[PDB]
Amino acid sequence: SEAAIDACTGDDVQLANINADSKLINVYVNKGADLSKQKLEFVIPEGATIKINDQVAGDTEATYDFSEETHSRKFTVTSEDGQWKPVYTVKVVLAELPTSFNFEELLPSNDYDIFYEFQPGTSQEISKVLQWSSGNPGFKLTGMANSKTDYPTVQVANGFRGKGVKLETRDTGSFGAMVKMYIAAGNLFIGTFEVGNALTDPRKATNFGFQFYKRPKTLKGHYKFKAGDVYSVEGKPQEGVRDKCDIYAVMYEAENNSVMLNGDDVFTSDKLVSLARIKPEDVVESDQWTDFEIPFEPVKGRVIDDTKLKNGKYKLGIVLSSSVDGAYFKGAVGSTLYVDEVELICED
């Protein structure tokens, strides 16, 4: 019966737009990706198989060559049924990270919100693309959410100011307790979420950053924050600490594209060259929007090198969280961070 491409991922892939009607899939990759050696995976219906329509000299057993003229290759998805042979055209497109984020658009999903940015530009300019990640795939496993709005990371309509992100620390229930993940902070971050590690190493599940080619100077936007009533540490109520949200960005050196920071080393890694992080004393709780303007400060006197920057050896991440220590299960259920927009101001 079923025959179509449901998803498309890959080592260099930042975002894929599958157009079910035209059978065209645009796959956006980092600006420094080797188009002649692309590793790609496709999710298709149970039983069906995926075969590339042709082979070229540059193809290997592990990668496909998209370096020819159109940067496109056709794939057929035979049903299993054997009755439908729908041909997709996969096109690889170079993209860079945006510097402006508005939380307006969501990728299709049946379970939870997935935010993305797509800023096409001119025919002479590179598109700016991002698929934001969050802990939502992990929270799905808890069985606590009944709808999209029950997740820690949700899109909201802020009335007159339009769309924004709502991050709320949630109770993970008995399931979370069994795996010692007593709460789930609402987060949104540049990078990837490795769902395979969601329960065994949740801090290693959050990988931060993608190649960035400019020097960041300031992280700006607006936010509202309200701490939850009952702060907890490893599932047990605890007085004496009031919950705080977190908003930060990092620039770090990645000797090769496989290198990423994660939840255990994002502030301590020797690879970290620059950090912009909201000061805890500056965090306020209000029903009014508050401006944030966080400067990027060098880490341990390190500098961004021109040649390395141009060569794609630095990566940037942005992270938003409703509970600053929520990744260690210290925070208050109900802590909520709203952000309407974020902008990265760069130098030069």
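Start at 1 with the first residue shown and count on from there.
Colleague: Please compare 144-152 with 76-84 and say which has the higher mean C-alpha temperature factor in the record.
Modeller: It is 76-84 that shows the higher mean C-alpha B-factor.
Colleague: Name the higher of the two by mean Cα B-factor in the PDB entry, 116-124 versus 219-227.
Modeller: On average, C-alpha B-factors are higher across 116-124.
Colleague: I'd like to know which of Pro108, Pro98, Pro137, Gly191 has the highest C-alpha temperature factor in the PDB entry.
Modeller: Reading the PDB entry, the winner on C-alpha B-factor is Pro108.
Colleague: If I read the C-alpha B-factors straight from the PDB entry, which of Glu253, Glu239, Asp246, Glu168 is highest?
Modeller: The listed residue with the largest C-alpha B-factor is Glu239.
Colleague: Ranking every modelled residue in this chain by its Cα temperature factor as given in the entry, which third contains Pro45?
Modeller: Highest third of the chain for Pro45's C-alpha B-factor.
Colleague: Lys279: which third of its chain by C-alpha temperature factor?
Modeller: CA B-factor rank for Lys279: middle third.
Colleague: Which third of the chain holds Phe267 when residues are ordered by C-alpha B factor: lowest, middle or highest?
Modeller: According to the entry, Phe267 has a C-alpha B-factor in the chain's middle third.
Colleague: Divide the modelled residues of the chain into thirds by Cα B-factor and specify which third, lowest, middle or highest, holds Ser258.
Modeller: Highest third, going by the recorded CA B-factors of the chain.
Colleague: Is the Cα B-factor recorded for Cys346 in the lowest, middle or highest third of its chain?
Modeller: Middle third, going by the recorded CA B-factors of the chain.
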